[PDB]
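Basis: the model, the stated rules and, where named, an outside source; nothing here is a laboratory result. In this analysis, Cβ positions are derived from the backbone assuming ideal geometry, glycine residues included, and neighbour counts consider all displayed protein chains.
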Amino acid sequence: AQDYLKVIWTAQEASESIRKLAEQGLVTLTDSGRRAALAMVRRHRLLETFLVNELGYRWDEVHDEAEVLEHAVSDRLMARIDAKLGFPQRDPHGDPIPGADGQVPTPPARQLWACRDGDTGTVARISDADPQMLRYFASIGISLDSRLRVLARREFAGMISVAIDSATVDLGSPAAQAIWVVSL
Amino acid sequence: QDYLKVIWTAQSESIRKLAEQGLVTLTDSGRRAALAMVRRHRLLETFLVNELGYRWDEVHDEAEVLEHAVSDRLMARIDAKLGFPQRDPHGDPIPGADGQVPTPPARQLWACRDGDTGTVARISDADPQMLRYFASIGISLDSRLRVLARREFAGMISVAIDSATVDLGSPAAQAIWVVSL
């Protein structure tokens with residue numbers, strides 16, 4: 001039932017259990033659903049950061065693991081992970097790690113598809129909904145904090161070329177439309 | 001399924017269900033499946049203590065639950081973190097990935113006789129209160145001991161530490177294993 005909270009919430013970022021969340025005064029996300037979904041997101045993202053940074057994972061596999069440990073990790077263990085991790089703020093993908101209060105440090109970023117020619121920015125967020133995408137960005141050089149310079153906006157070709165802190169590369173419309181970037 | 005561990009440490013109808021899986025009084029695949037869970041609930045304890053700053057006596061109730069959610073890749077990478085842990089924070093030997101299991105000719109403390117000396121190497125984590133007792137009186141792994149007075153009745157034994165002299169009861173002394181050198 002709690003698997004849809006990190007969905008209904010992450011939408012702005014099967015009815016069986018939907019009528020079961022509202023059975024807890026939880027759901028139309030009310031005031032409690034925000035902190036519930038934000039807590040579960042905190043656990044998931046923190047697990048991603050821990051597996052990647054400490055246990056030497058790659059940012060594409062790290063998801064399918066944390067989707068089960070979230071239902072077997074205590075709050076003590078989670079707080080000591082958050083302590084060892086340096087109290088982080090973001091995924092290895094750039095997904096913001098909220099605080100225990102509802103901080104959710106969202107960065108002022110728009111999608112690489114929303115940019116135009118001559119614009120520059122820093123890769124602050126990469127979508128994780130598909131590991132092949134993260135494998136591709138690992139293949140090129142699109143990591144976090146990478147600085148991109150948009151060269152060509154060919155909407156007719158459904159592409160957009162960018163320059164990377166290294167070389168140029170051509171990214172498709174759905175490719176460069178996951179990856180979020182902060183301007184200038 | 002947790003019985004796989006307790007039947008391995010010493011070596012109802014809950015054990016027959018492992019003969020159903022072809023595991024048990026341990027078979028080759030049975031003692032090879034106990035090696036798994038035993039590596040889990042051991043690498044997990046030494047990871048909690050050594051990396052995430054735990055303090056024993058409360059790593060049991062955690063690893064006993066994480067053991068049912070750790071993948072072989074996760075366990076192998078934890079082992080690669082520690083690199084390459086041969087023994088529990090309580091003293092239980094980490095079974096080698098091949099299945100060697102280090103060799104500790106270790107006797108009980110109560111089973112020792114008067115005058116015997118030896119390095120302690122394994123402590124039971126069944127009772128965390130007992131672990132806090134062992135921490136406060138000053139006994140931990142690798143501290144040489146000397147059986148001074150094994151009193152068969154009523155359940156007492158006086159031992160000399162290298163830190164002292166402790167009068168340990170039988171329920172306590174039945175939780176210390178010791179090698180002799």
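From (1) more than 22 Å from A:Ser127 (Cβ to Cβ); (2) in the same structural domain as A:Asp128 (by CATH), pick out the condition that doesn't hold for A:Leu77.
Of (1) more than 22 Å from A:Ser127 (Cβ to Cβ); (2) in the same structural domain as A:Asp128 (by CATH), only one is false for A:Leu77: (2).
Do you know which residues across the stretch B:53-77 are surrounded by 15 or more Cβ atoms within 10 Å (Cβ to Cβ), farther than 30 Å from B:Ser136 by Cβ and facing chain A (nearest Cβ under 9 Å)?
Once the filter is applied, which keeps residues that are surrounded by 15 or more Cβ atoms within 10 Å (Cβ to Cβ), farther than 30 Å from B:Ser136 by Cβ and facing chain A (nearest Cβ under 9 Å), the stretch B:53-77 yields B:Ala69, B:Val70, B:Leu74, B:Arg77.
Please find, among A:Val73, A:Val7, A:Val27, A:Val41, the residue that is of a type outside the set (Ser, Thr, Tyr) and in contact with a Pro (Cβ under 9 Å, 6 or more places away or on another chain).
Checking each option against the conditions leaves just A:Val41.
Let me spell it out: the conditions are (1) more than 10 Å from chain B (Cβ to nearest Cβ); (2) over 16 Å from B:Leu44 (Cα atoms); (3) assigned to a helix (DSSP H, G or I), and A:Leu47 meets all of them except one. Which number is the exception?
Of (1) more than 10 Å from chain B (Cβ to nearest Cβ); (2) over 16 Å from B:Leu44 (Cα atoms); (3) assigned to a helix (DSSP H, G or I), only one is false for A:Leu47: (2).
Scan the stretch B:50-78 residue by residue and report those that are outside any helix (DSSP H, G or I) and closer than 18 Å to B:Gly91 by Cα. Before you say what the answer is, go through the steps one by one.
Step one: of the stretch B:50-78, the residues outside any helix (DSSP H, G or I) are B:51-59, B:67-71.
Correct list: B:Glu51, B:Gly53, B:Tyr54, B:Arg55, B:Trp56, B:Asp57, B:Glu58, B:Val59.
When residues of the stretch A:1-52 are filtered for being hydroxyl-bearing (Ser, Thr, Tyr) and under 30 Å from A:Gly86 (Cβ atoms), how many remain?
First, the residues of the stretch A:1-52 that are hydroxyl-bearing (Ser, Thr, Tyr): A:4, A:10, A:15, A:17, A:28, A:30, A:32, A:49.
Filter once more, so that each one left must be under 30 Å from A:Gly86 (Cβ atoms): A:10, A:32, A:49.
Within the stretch A:1-52, residues that are hydroxyl-bearing (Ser, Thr, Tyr) and under 30 Å from A:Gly86 (Cβ atoms) number 3.
Tell me, please, whether a residue that is closer than 30 Å to B:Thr27 by Cβ and among the hydrophobic types (A, V, I, L, M, F, W, C) can be found in the stretch B:135-151. It would help to see each step written out before you state the result.
Pass one, the stretch B:135-151, residues closer than 30 Å to B:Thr27 by Cβ: none.
No, the stretch B:135-151 contains no residue that is closer than 30 Å to B:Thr27 by Cβ and among the hydrophobic types (A, V, I, L, M, F, W, C).
Do we have any residue at all in the stretch B:20-36 that's touching a helix residue (DSSP H, G or I) at 6+ places or on another chain (Cβ under 8 Å), among the polar types (S, T, N, Q) and under 29 Å from B:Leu131 (Cα atoms)?
no
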